[PDB]
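Single chain ahead, written as structure tokens, the form solved without the ligand.
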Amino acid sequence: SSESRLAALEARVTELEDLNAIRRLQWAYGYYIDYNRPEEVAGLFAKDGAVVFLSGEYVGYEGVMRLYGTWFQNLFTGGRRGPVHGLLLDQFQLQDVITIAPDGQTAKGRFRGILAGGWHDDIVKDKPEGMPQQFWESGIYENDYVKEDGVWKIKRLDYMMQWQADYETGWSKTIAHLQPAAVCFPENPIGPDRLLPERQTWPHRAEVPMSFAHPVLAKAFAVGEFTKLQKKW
């Protein structure tokens, strides 16, 4: 009942540091992607970590460099570390809800991003056909983390786009586009390492289940009890 108190405090302070460290991975991730810097992004990942993009997984430093570098950086900046003249890709990061597992060796986190993106008139000659010149996009992250040798790293980065808009017309006017199945790397040089089982896009919606327990009611939370209090109108 002094050793017990110290050990219990040490655990509590470790969890507070764990939360800060995991939130920092996401906030840093954002500052690196805004500048199309895939190297810093890949270094955030456990070597067996993955990024989920278009219903596949891009695995390890190779997969992360392929997605953010071979695909995105070539597409957006012509294969230059950013930022560069006339290219905006700000993915503002916010609203972290992080859950450390009981053993303190893994964690989950919900986050979200809002992207303001575009090719300025000065560089729109370099914009790929079929991309809007300036756009908004938002999505939800439900990510996994691992603590390796005392350091938190990204184990799974799963960004689920919720909506997109052309700046000029807004989210209400976006045309649905049917998403074909990806071909994997290596046959597809920018493809995923592997496919997920069985997402079509805005205006279609699908819940992203919360990784976090109800913060007041926890496992006792029952929807139906509360639904009884609502009426038709």
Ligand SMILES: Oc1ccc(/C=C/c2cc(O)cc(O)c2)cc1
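One rule holds for the numbers: they count along the sequence shown, beginning at 1.
Missing here is the form deposited with the ligand bound; even so, the following discussion is about that form.
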Query raised in the report: Should the pocket be classed as open or blocked once the ligand, positioned as in the deposited bound form, is overlaid via C-alpha superposition of the site (3 or more ligand atoms within 2.4 Å of backbone or C-beta atoms defines blocked)?
Result: open
Query raised in the report: Any of the heavy atoms of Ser55 lying within 4.5 Å of the ligand in the deposited bound form?
Result: no
Query raised in the report: Can any non-hydrogen atom of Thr70 be found within 4.5 angstroms of the ligand in the deposited bound form?
Result: no
Query raised in the report: Applying a 4.5 Å heavy atom distance criterion, does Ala165 contact the ligand in the deposited bound form?
Result: yes
Requested in this report: State yes or no: in the deposited bound form, is some non-hydrogen atom of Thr174 no more than 4.5 angstroms from a non-hydrogen atom of the ligand?
Outcome: yes
Report task. Find the only residue in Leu75, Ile123, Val84, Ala101 having a heavy atom within 4.5 Å of the ligand in the deposited bound form. Result -> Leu75
Requested in this report: Would you mind picking the one in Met131, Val146, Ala116, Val97 that has a heavy atom within 4.5 Å of the ligand in the deposited bound form?
Outcome: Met131
